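**Student:** Structure in structure tokens, see below.
Note that each Cβ is placed from the backbone with ideal geometry, even for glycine, and that neighbours are counted across all protein chains shown. Basis: the model, the stated rules and, where named, an outside source; no laboratory read-out is quoted.
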Amino acid sequence: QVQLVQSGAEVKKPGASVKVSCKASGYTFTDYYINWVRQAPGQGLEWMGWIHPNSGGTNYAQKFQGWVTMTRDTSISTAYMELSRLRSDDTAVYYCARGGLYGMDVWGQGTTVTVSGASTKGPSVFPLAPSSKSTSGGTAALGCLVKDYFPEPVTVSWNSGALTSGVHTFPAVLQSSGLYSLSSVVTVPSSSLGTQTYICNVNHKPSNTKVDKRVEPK
Amino acid sequence: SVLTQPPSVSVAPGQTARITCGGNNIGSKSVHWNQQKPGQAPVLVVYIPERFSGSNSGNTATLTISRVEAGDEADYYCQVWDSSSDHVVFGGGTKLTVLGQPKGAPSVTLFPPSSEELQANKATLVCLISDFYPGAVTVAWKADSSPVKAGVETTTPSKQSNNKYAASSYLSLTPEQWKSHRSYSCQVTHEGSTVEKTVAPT
């Protein structure tokens, strides 16, 4: 099993630096080149450079010369890459593809680097009450508004994970203020309201915040 | 070296898709093809079924996929090795779309501001759009039949788990703005047809 496992997501500020590691498995780390590739959100693939783990020499594309530094630790079969003085453009997913000593086979799962001036902020959770208009043919639609948080992600469960059917959680909007907002709606039978309790469980680990909002009818 | 690809290609299920990669004497420089599905890392093909075959000659390289499935919807990148610089050069990428999926009209649910948010001197209108194909929507907002564009945040369409698309549009406004108008409306149009939901402070 040949694998490349990279470090977790990183959320940095403009002017900050970041280091991302790439763990190699299932093959001798030192007879295959290690390449790095950057993919901006919605753009194509962009080769950044390579490094050969035997002699540690590097080769950078001109665009990334000066602020990208690639190293490696042959002991733990890990490659590293350091982005310095980050910009909003550098927001992208960064991969660590393996290259032949002619393969260019096997990629890592990628690391997300989000550069932004927004500050870590927990969300304000508001219930989206059912009532009329939310009801359509005996089924009611109750929701939970998860407003003004940074950075991604949040997780929304219902009734501590006991309510899974009819759950539709929507991908978050990135407002112009730099904060995120999403909504999570459930469709329940209109006869269930009054006898059943509905609570949305919003977990936002980056801010160490978890909010259980009871959603009651009007 | 530069690598030029068509930005998008579309094919019916079971048909044959062809993705080209143009370059300076690419026919003698060994071409590799990558496949990237949304949210995942690229996966090398370069020929995973035998429906994928390669053909490099002259100034164009061509990846050919026979009997296309919906599972083949992905982004495809050609890749060559510029021996002038010991660099790896990628193509622009081609979006393969399969034209067999069933069309669908958008389902829209609009929520007024919560009382709790109004007690915080804030107000947000939540428009939730779901179960539409193809994934392209335009959202418009109205305050008593007068168009409104300030405070509008809309997501780009994102594919759901049922292989349809979903979006959401939010209208930010003040409590005195929300209670000053008779009603507000979220209008969603999709392939000419429009669905509208209205909500009022009463």
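**Student:** Tally the residues that are at the interface with another protein chain (Cβ under 9 Å from one of its Cβ atoms) and under 15 Å from A:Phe150 (Cβ atoms), restricting the search to region A:164-213.
**Tutor:** Matching residues across region A:164-213 total 7.
**Student:** Which count do you get for residues in region B:134-155 that are surrounded by 13 or more Cβ atoms within 10 Å (Cβ to Cβ), closer than 30 Å to B:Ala70 by Cβ and out of contact with any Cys (no Cβ under 9 Å at 6 or more places or on another chain)?
**Tutor:** 5
**Student:** Next question, about the same structure. Looking only at region A:146-173, count every residue that is hydrophobic (A, V, I, L, M, F, W, C) and assigned to a loop (DSSP other than H, G, I, E, B) and tell me the total. Can you show your working first?
**Tutor:** The first filter runs over region A:146-173 and keeps only residues hydrophobic (A, V, I, L, M, F, W, C), leaving A:146, A:150, A:154, A:156, A:158, A:162-163, A:167, A:170, A:172-173.
Those left that are additionally assigned to a loop (DSSP other than H, G, I, E, B): A:154, A:162-163, A:170, A:172.
Residues meeting the conditions: 5.
**Student:** Note down all Cβ pairs under 6 Å where the first residue falls in region A:114-131 and is outside any loop (DSSP other than H, G, I, E, B), the second is among the aromatic types (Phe, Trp, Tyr), and they're at least six residues apart or on different chains.
**Tutor:** Correct list of pairs: A:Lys121/A:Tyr149; A:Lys121/A:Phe150; A:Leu128/B:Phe111.
**Student:** Let me ask another. Out of everything in region A:107-132 that is among the aliphatic types (A, V, I, L, M) and more than 8 Å from chain B (Cβ to nearest Cβ), what residue ends up being surrounded by the fewest Cβ atoms within 10 Å (Cβ to Cβ)?
**Tutor:** Taking the candidates together, the pick is A:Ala118.
**Student:** Only one of B:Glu117, B:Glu176 is buried (at least 17 other Cβ atoms within 10 Å of the Cβ) and more than 29 Å from the chain's Cα centre (by Cα). Can you tell me which?
**Tutor:** Numbers: B:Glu176 fails: buried (at least 17 other Cβ atoms within 10 Å of the Cβ).
The unique qualifying residue is B:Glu117.
**Student:** Within region B:75-93, take every residue that is farther than 15 Å from A:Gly99 by Cα and facing chain A (nearest Cβ under 10 Å) and give me the one that is farthest from the chain's Cα centre (by Cα).
**Tutor:** Selected residue: B:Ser85.
**Student:** Additional query: Against the condition assigned by CATH to the domain that holds B:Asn59, part of a strand (DSSP E or B), touching a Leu at 6+ places or on another chain (Cβ under 9 Å) and hydrophobic (A, V, I, L, M, F, W, C), how does B:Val80 come out, does it pass?
**Tutor:** yes
**Student:** If A:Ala140 satisfies all but one of (1) part of a loop (DSSP other than H, G, I, E, B); (2) crowded, with 21+ Cβ neighbours inside 10 Å; (3) outside the structural domain of A:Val37 (by CATH), what's the number of the condition it fails?
**Tutor:** The single condition A:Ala140 does not satisfy is (1).
**Student:** Separate question: Given the criterion under 25 Å from A:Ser119 (Cβ atoms), hydrophobic (A, V, I, L, M, F, W, C) and surrounded by 13 or more Cβ atoms within 10 Å (Cβ to Cβ), identify the matching residue among A:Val5, A:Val37, A:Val18.
**Tutor:** On the way: A:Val5 fails: under 25 Å from A:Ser119 (Cβ atoms); A:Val37 fails: under 25 Å from A:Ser119 (Cβ atoms).
Exactly one residue qualifies, and that residue is A:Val18.
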